[PDB]
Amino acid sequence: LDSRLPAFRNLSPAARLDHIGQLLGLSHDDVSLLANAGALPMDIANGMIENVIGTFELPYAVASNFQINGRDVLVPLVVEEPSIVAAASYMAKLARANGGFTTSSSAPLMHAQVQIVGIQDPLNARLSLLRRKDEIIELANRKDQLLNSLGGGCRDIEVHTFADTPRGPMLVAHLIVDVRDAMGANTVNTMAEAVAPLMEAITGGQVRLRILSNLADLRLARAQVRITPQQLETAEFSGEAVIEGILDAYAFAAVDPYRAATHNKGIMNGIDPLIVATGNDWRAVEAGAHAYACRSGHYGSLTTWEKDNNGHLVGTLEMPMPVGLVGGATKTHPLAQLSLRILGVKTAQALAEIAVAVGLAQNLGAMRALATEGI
């Protein structure tokens, strides 16, 4: 319940573990998982990917001070780069004074693309599909009733066209599916294959690809922070000046893709480590994050920074966050299961909300640093 971890940064790893062991009430066996190497059995490892000849380790750390919608959370991170954990913890600390981080998210919605070719009337074919939308949605939904009972399932169908391409005219259907606590790939791919035949019948063309889109722009996670001028006071700068500089730094990233790429990288320095820690696919999160950053036809910043009516620094982070609590290595990796135990997350979207708060804090630290450094 209290994530402030005093002196944590100077406690030996063992001491730190013990600590985390107590405030979370961790089981004996659970502490053993991080106290001795080899938590990932070779036969579990050998079953995960192919041509396995061993394992590879990265430091497992915990960021402190985080507070999500008023409640404290400890955050596990796996990465090789220094400063990330510290910066995240420090900004999280400044965040608590003004209420911590405020988050929210959309329903866990993923797209499954169903590409159709060979139709001479793609535009007309599109209306035929929309005409029988509910018929397509039902076929897809009778392929996984458990999910429907669990509160998920196909909720809609969008169809897009690309009549003129070097390869001919293309029609692309998008199955919109609520995947509850899964990242969604197989739930979605599965349904895509189940409707493909019916779509062929309705359009008269042939389905080419049936697969999820990593541009999960219907599964957004949101986070907000607020920092006051008092908190940003350094030896040589006024907390106000620093706020103004951070604003100049954000503007620079909003206009220059060379700065934006770097700016967003910092955001991912905070997010990716939590993804690995929970056994999730970091390539999926990365692709969705960057593709979304250039949705305006201009590669820009995923976060926003402004000075509010009180003169306070307020930042935002809204982005796609496809992540899961079940699925793949999230279940088979003992440490992934433990990370979820440390986080206390009950839904995939809850984990997603924590991800953007950490990403927002990481961006903040990076900018505060650059903004406060002297010539």
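In case it trips you up, residue 1 is the first one in the sequence shown, and so on. Just so we're on the same page, rigid core means the largest C-alpha set that superposes within 1.5 Å between forms.
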property	result
Between 138-146 and 108-116, the one whose CA atoms sit farther away in 8 other deposited structures of this protein (rigid core aligned)	138-146
Greater mean Cα temperature factor according to the PDB record, 94-102 or 113-121	113-121
Residue range whose averaged C-alpha B-factor is higher in the record, 125-133 or 205-213	205-213
Which of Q224, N264, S89, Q230 ranks first by CA B-factor in the deposited coordinates	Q230
Options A39, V326, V52, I342 - largest CA temperature factor per the record	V326
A348, C-alpha B-factor rank within chain (lowest, middle or highest third)	middle
Record-listed C-alpha B factor of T165: chain third	highest
CA B-factor placement of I44, once the chain's modelled residues are sorted into thirds	middle
Third of the chain, ranked by Cα B-factor, where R259 sits	lowest
Chain-relative CA temperature factor third for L26	highest
